[PDB]
Structures are given as C-alpha cells and as structure tokens.
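We begin with a single chain expressed as structure tokens, specifically the form deposited in one PDB entry.
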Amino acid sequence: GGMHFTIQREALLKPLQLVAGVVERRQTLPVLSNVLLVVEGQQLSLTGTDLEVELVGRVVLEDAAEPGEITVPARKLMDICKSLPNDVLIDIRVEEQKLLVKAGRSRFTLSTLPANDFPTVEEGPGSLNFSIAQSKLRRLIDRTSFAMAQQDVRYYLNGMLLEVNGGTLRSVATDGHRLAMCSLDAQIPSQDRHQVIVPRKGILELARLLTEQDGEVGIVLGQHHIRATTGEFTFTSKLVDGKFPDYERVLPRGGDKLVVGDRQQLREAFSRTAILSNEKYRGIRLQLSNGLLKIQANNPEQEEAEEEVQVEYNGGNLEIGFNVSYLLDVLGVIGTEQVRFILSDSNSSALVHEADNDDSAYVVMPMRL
C-alpha cells in the first residue's frame, strides 16, 4: 500500500494555490521547489517553504484515503490542478518515485522527492500567544503595510513591528520618510509587553491569508518566529533580528494647523497636479490660506500645474512641500470620507488621521522648498 487519496478540484485548489505561492521558482536545491503532501487519517496537509516562511494548508478528505507522505513540484501540481474542469474529482497516488494525478480523461505523472528531504521548522515555544479576529489583524497590517521600506537588507526598516501593550495590539511601519501605525485592542492580558519585527515579504503574505472576514486566528510570538494558525492554515515566519526604534519620538507634537478635507477630492487633485511635477522627486507645493488649499507642481521644462481645493481651515498661513506619492499612499488607506491633516511649520512632519477616529495615525515628512 502507498499514499492514495481522492479530492475535488475546488477542494484542493484553494489551499494548494496559497501554499504554492510561498514556494520560490527554480530554487537551487530541488526539494525547495516542491510542496509536501501528507495524508494522515482523513486529512491532507500541504506545506511550502522558502526557508524564511512556511505555509501549511489542510483539507478534509471526504472519501477513503490510504496514507503517506511525499513531495511534488508545487507549481506544476497547481498549474495542473487549475487546468482541470470545474467540480471534477482528482485521483492522486504514488507509484514508484512518481506522483500519479488522474482526473477524467487526463493523466499526469510528476517526479517526486522524499518527504524527508523537506526541511522542518526549528520552532521552539511561545513567549506570548493569543487569539484575534482575522479582520482585526488584517486591518493592522493593511492600514500600515505601505510604509515599510523596500530594500532587502536585514534591518528593522524592511519589516513591520507588531507590539503587544496593555490590552492592545499595534502595528508600526516606517521607511524613514513616512510612518504608519494602527492600534486595536484584543483579548491579551495587560501585564504583557513584547515586540516582534515581521519581515516585509512575510507580513504581506500573512495579510493575504486572513481572508475569512468573520474568522479567528491564533497568534504565537517567539524569540525568532511568529505563528498564525487559522484551522485551515498555519503560517510561520522568521523574525527580523534587532530592536525597533522608539517610534513614539517620531510623532509630531505641536500642530496648530488643522486641515479637514474630502479624501477623494484631495487624492484626485494631488494626483492631477503631479503630472507636471518632477519625475524623480515628485514634489508638490501646498499653499494654505483661509479655507483654501492651493496645490502647485512644476518640472525642469518650466511646465506648471496649479489646482485650488476648497477645504476646512481656519488657521494661519502656511506653505509646505511634499512628495506627492507619500500623500497619495496615505490617502489610499484612509477609510473615512473626510481626512484630517495636522501641520505645524514648513519643515516639520505632517500628521494625518481619519475623520472620526485616531486608531490609525500617519506621519509624513515634508520637502524643503
């Protein structure tokens, strides 16, 4: 007897597509290009890794299933699985050192590597673990993930901070020019204080998994790894070695200039006038007067774009310059229809909030004019 199970296409494709996603294309060592299939009892367990992240998905098997474990090329399996007609039943078994995929009038033969070639995750015990709604953890990542740095160096900037303090879980992300942070409360005890820095590629992956809009995920924070367990999936990620800076000392303190405006009209006007801004720096000029915002941009060809937007503003007069992409990025994640800007002077950072709550906060440094 050998490994043999039977599964609907849609039953298999849902986790296989996710698991295959973390599997890098054409790795040095061949096993790292494969998904690990394990049948134990009536359950199928697909595991993929890139030596930084390990994703595991599980499917119940409705029919009989003789058990076993083997690894098979992830992409080819997924490509095959998706190319099959809707609702058809797939037969998967091992013969010799090959995987035999039959479904309808189609027969596929993939080349396998042994289950013991697959690396095991050397994960120890948690230092703190809790549960939180998938929607809440997804909100923390998505409301701030845009502000992470984009280089690959193993430095705190190229990752998101997850911080547990009081009864609240907080995400923080910054690239040195802008910062995004979001904070919600959860069923964590209050004597708890602990930080982890999840790398950029990993935390963006974790957000992609938190799709059950009404589900719950179990988080475990350790010295070197972080575990997300959703009953359908088990996501594991190495951490960033190093301490995250005192992000609190980056939030601006003395803003006497409140600007309330329409989120969309600002995004559209910033984006519009940027067409004639400088391609490298993408700087625009904000010119605040009483109840008015005058936007200006110009480029080396001495082309120029102005646009006036009516806004709520009863403060002083201020002229300030910003990298328009930083502004559009913040406006991209603002959920409310109105947006609040808190400025001080032309050379100090801007603070952006949503209209009706301060759970998420965004700091954007300006440009010298």
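We call the rigid core whatever largest set of C-alpha positions still superposes within 1.5 Å between the two forms. The first residue of the sequence shown is number 1, and the count goes up from there.
The discussion below concerns the form deposited in another entry, not included here.
Among the residues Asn165, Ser271, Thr109, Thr211, the single one whose Cα moves by at least 2 Å between the shown form and the other one, once the core is superposed, is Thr109. Taking the rigid core as fixed, one finds a CA shift for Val324 smaller than 2 Å between the shown form and the other one. Positional change of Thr120 between the shown form and the other one reaches 2 Å or more at the C-alpha, relative to the superposed core. If you fit the rigid core between the shown form and the other one, you'll see the Cα of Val59 move by 2 angstroms or more.
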